[PDB]
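So this one's two forms of a single chain, laid out as structure tokens and tagged structure 1 and structure 2.
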Structure 1
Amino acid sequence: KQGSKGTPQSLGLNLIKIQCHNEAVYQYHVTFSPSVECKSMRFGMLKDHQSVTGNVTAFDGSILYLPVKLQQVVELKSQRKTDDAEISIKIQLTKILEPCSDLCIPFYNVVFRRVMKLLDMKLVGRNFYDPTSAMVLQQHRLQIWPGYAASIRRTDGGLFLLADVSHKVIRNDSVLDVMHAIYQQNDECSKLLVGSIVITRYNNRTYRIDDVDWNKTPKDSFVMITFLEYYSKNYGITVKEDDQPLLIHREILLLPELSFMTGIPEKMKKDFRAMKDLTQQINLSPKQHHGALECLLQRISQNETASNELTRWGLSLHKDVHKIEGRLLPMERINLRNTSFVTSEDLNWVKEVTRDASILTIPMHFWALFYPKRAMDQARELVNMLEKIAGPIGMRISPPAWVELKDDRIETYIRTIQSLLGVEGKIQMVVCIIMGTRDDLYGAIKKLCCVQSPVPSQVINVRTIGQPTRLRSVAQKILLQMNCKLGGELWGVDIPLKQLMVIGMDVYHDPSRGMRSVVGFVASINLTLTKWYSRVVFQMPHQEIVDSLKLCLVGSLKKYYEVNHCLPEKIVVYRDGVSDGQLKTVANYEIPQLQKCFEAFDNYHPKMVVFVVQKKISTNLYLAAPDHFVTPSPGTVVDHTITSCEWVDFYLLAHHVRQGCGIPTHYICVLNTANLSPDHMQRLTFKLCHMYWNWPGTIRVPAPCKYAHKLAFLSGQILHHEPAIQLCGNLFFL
């Protein structure tokens, strides 16, 4: 699963290798011949007999892990404390596995978390925050303490430790001081305490709150003893205020003396500079990221106790972050009409698209402009600018048919558009100037123009056209989107292998509408991957959706035949929006059932190459500049020692990230019949990342997944209905 395509690059991850020394990890069944009901008693029963086993016993209740050999059958005996029965524990061997085998992970992680606890770090949520090494700005009584999450996972290269920083901000005024401010200003502002995360400094707990009561238990005594006495036992705390109100969480009661508010204070948020000063600390370059990681590692290295509880199991962290070599995929060549160019070092070619002509640019001779009374001049200016820039892009635009809206009410907009569309019957496009952040009007316009009557339509908000010195850019982008929405073609990229049909899918999960689960589907119907065919499937049950997907695939193939006179031999499906857990299921059942529709056509044997693309990953990559770390260049692929051990996949950094750590994307290949080399699939996915006709530049996922998400969003959020058939021959949804 390795290949050579470009110049190597000496990267570095936020990963720390764990060296397993022995080969002794032994699973054991535990059972009891008399019945013991209490889990705690089973733990104690193991505890008293630990001498024979050793002190490295890890026990969850039914299976035991031990790094030293025992006899196959081990029989020990003891007495119960409750029933006084002769409890006879039996322990038996299970199997023998390598110390890095993906099955002994979930208690190795417990070992590491204990090692952190020995280093005096709190356990908020799932992160470790170090209180002492904190920075106090004190501008609004604010101290930010840092922290870093750390988890041990297994990859093809072995046991690695993924560690990454996350900063948390705290004040130094207690909530009691704020309550005193509320009292003196004059419980008027106690209402803001709702939804406020509160903290205990020593951090034995974190909390959230809903309301506060004033006189329930200020001077009272808690259940067994005085309030102050129990808080003295817990924290050894003396309370300044005797009549402190009491906070209510759900019913649990919390206190204001030790309750410190968290997050950015609401008044700070308004402050621009302050918010800018805080973002300076929160946001980190690779240099400070690596510095914090090295601080963690040195902290563990210096304490002998952390090392001893580590090395009881034979493990040992290294002294430096993992260093990997990954290759830089070569640069692509983007095609235009009469001209073509190799992309720049930052992977962005906005100027080239606008200066030079596009591939196909059908003329515009009949179009209608709908604006309200309050936007006369700007609208007119816009039209002039839209004419002035038309020539370089390579379009012929005639003056629009002006329509003046008497008001902003949506009925007038809809009625006027419908009337003009009906009478003329040749309006190739509708342009609407919306007067404000009016969502209902946008939805109504798109519905009228995409289901009831088939005209492509573009909307231009008044704010965007309002600003001169930026009108040229907005005119350029609006006109390019208009050209795309009419079946035009902006730019293209060569494909080296012959006779492929790239398909993509992605899903829109409804937040509230009973899981409609609209799924996009974009499949090329041209040899140059330039003309796209798009459908939408409105099916809620996951079992039922595959039937409609089969219908979609056969229809797409039929149109491919009817427009090219020869079916393709290879199919590549960039499935998306699939969780890691569902991946196996998608590889087992959904893919073969989707494949089974190919029996509808005779003597047709394709070769599918199915991917799954998940954007969210937690590994970062740093380029090794000689004196610090910098941000990795776009177009870097790594498949060594960080990829998984059952699939064939790779991590790709495609887009241009301005500052900080870079986040690649993961390409699981869950079926491969065409026998493509890893180099070929890697380069092909990088080529497909360049073919998004809305943002001139490089994107994260391949273009078909981006298009399917856009179509699903439009059809499920805006239209709530399937679009018309005649529009689906073009990229109507941009």
Structure 2
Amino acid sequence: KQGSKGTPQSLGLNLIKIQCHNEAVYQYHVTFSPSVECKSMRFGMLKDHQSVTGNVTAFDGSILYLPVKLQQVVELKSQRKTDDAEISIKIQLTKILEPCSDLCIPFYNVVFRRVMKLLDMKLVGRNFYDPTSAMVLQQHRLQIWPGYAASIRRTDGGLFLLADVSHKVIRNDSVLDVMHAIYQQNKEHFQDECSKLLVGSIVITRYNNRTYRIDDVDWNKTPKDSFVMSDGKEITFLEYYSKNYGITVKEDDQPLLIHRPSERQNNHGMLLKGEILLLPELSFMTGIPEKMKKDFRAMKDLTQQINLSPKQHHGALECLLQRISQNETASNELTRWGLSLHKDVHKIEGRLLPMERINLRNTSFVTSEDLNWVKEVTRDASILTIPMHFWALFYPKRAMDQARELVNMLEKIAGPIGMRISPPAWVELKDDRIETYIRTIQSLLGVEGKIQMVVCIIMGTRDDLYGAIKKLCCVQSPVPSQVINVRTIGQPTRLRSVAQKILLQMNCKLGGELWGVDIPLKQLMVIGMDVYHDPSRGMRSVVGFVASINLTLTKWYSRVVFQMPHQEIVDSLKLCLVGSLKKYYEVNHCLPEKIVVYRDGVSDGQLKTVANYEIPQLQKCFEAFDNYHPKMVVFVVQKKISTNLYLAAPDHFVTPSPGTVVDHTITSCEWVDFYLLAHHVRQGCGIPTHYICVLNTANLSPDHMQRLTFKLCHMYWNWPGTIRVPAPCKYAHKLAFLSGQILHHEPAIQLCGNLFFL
């Protein structure tokens, strides 16, 4: 998986190397003579006989881990506390793991959680926060405190502790006080305000530091009401709180906040009843206040808090390590199992891939250090330009003059790019209702029949009109369309740049080709998949598919597939692949020898399925092409990763440069894979992208796959410069977003020959 083709570079990570002292992780199968109910009794039974095992036992009910080898067979006797039964317990050795074996990993995490809790850091969700850090803002009685997202991973270099910084925001005023203020300002209605602010928001109880999301609020129950506890007694809420925590609810006329189930609860709602009725007096809302959210000045300071340069990130990690080292009990807790952290974050060596060359018609230039070429694209002719001679400009009356300059500005910049433009057909609208827009566009589209593009200027910021326009111009009446918001063309001194960007976007939509990059693999075909998940819900997830259909990767064939269940995804993707190969044969008169797939939108949990089931199913489709066996290469791209790279400058840890590749000591232990940071980072730490090769029948050397990925990162035409993921994946993401969000339908097959989805 490791290759070298570029200058070495010294990086550091947010990984602290863990060191194991013994090789003694012995697994034992523990069996009890009678069927023993409840794991607590079993754990106590094992506890009383600790003289045999010791006191470093990690026990979960069936498998017992020890750092010391017992006898081959161990038999012990004990007595039950309830039935006074004679329990003969057996301990038998199962296997001798190495200290880092991917199976003794999920209790090192338990030990670490115990350590962090021993540092007096509260557990909220899955993070460790420090209430003894009260940097207040006192604008809405707010409090921010910092914590860490920490875990113990293992990679092909060994064991590591992955640590990241985070911050939690909590109000000082209780829920009761804020609803009292709400009702204080108004009096007629306290439904809308209190219900909207509370329902859907997440609160925290400080007597146990536990978070609950509040499904509803009822003005119908009081502490005098009661609930059945442990099926033993119907006790009042006041008495239950007093007994468990000894706190008094002062004023009893309040609502109760209902969090009815936690619906999932692992497999399902075995504890279906749920029905949590939290008090409002002892709850505190969590989040950034919306009134604060709208206010810019308040948001500025909090943004300064959240955003950290790599130096501050490294300093926070150093502080955590020093805190762990100082507390002797935490160190003893870690070293009971033989583990011992290092004194600084692990320092690694990556390399910087060579810079690519970008080609335009009659010219070529080597990409600069910062990987951005915005000026050259707008200053020289593109590979292929489509002249517009018949296009319409729809504009409302109030924007009339504001439209004119745009057209004028589009007549001064089309020269350098080599694109030829004629004056449009101006269309002034009687009114701004969406019905008028759709009628006028439909009328010209139906009558003229020669329009090559429709440019619509929207006056007010409303999305329904945009959706209607796109539904008309991409589903019902296929013709490429551009939508311009009047604010963007409202100010001079930015009209030239936006005009150039818009013109390049229209040229791409018409079937143009801006720039290209050298490709060393002959007869290559490149594919990109991506998925879209509805934030609203409705649970229809759309998968977009984009495949190159020429030898320079300047033409694309685009398809989209709609399906909620997983039955039809694979065969619809097979249909898409067959259509793509047929189009490739038609254009080139030969089928591709090598096919590279860049799959995205796959979480870790399904990474095992996609490798084992879906890819052979797709490969089965080549059997309808008369003995045609290509050489496939399939990747899996993960954007959301929690690993940070800091380039080690002579003095402090700085942001790493673009084009950094890492394949050492941090990658997955079973796949071939590598981390690649390609885009130019300006705000924060450099988060790379993880590429996992789940199939390689072409026997491509690692250098070649990395080079091909970096080259494909240069071919996204909506942004001059390198992007995070390969261009086909971003194209698929945009296509899926447009089809699932705006159109609620699949675009007409007439438009799938160009990049209409820009």
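Each residue is numbered by where it sits in the sequence of structure 1, with counting from 1. Between two forms, the rigid core is defined as the largest C-alpha subset superposing within 1.5 Å.
A.B. asks: Using a core superposition, identify the member of 495, 103, 648, 239 whose Cα displacement between structures 1 and 2 reaches 2 Å or more.
C.D. replies: Flagged residue: 239.
A.B. asks: Would you say residue 217 moves between structures 1 and 2, meaning its CA shifts by 2 Å or more once the core is fitted?
C.D. replies: Comparing forms between structures 1 and 2, the residue 217 CA shifts at least 2 Å.
A.B. asks: So that I can tell if residue 171 moves, could you say whether its C-alpha shifts by at least 2 Å between structures 1 and 2 after the core superposition?
C.D. replies: True for residue 171: a C-alpha shift of 2 Å or more.
A.B. asks: After fitting the rigid core, is the C-alpha of residue 137 off by 2 Å or more between structures 1 and 2?
C.D. replies: Result for residue 137: yes, a 2 Å-plus shift.
A.B. asks: Once the rigid core is matched, what's the CA displacement of residue 256 between structures 1 and 2 in angstrom?
C.D. replies: Core-aligned C-alpha shift comes out at 8.6 Å.
A.B. asks: With both forms fitted on the core, how large is the C-alpha shift of residue 325 between structures 1 and 2 in Å?
C.D. replies: With the rigid core fitted, the alpha carbon of residue 325 is displaced 0.4 Å between structures 1 and 2.
A.B. asks: Give the C-alpha shift of residue 193 between structures 1 and 2, in Å, after superposing the two forms on their rigid core.
C.D. replies: Taking the core as reference, the C-alpha of residue 193 is shifted 6.8 Å.
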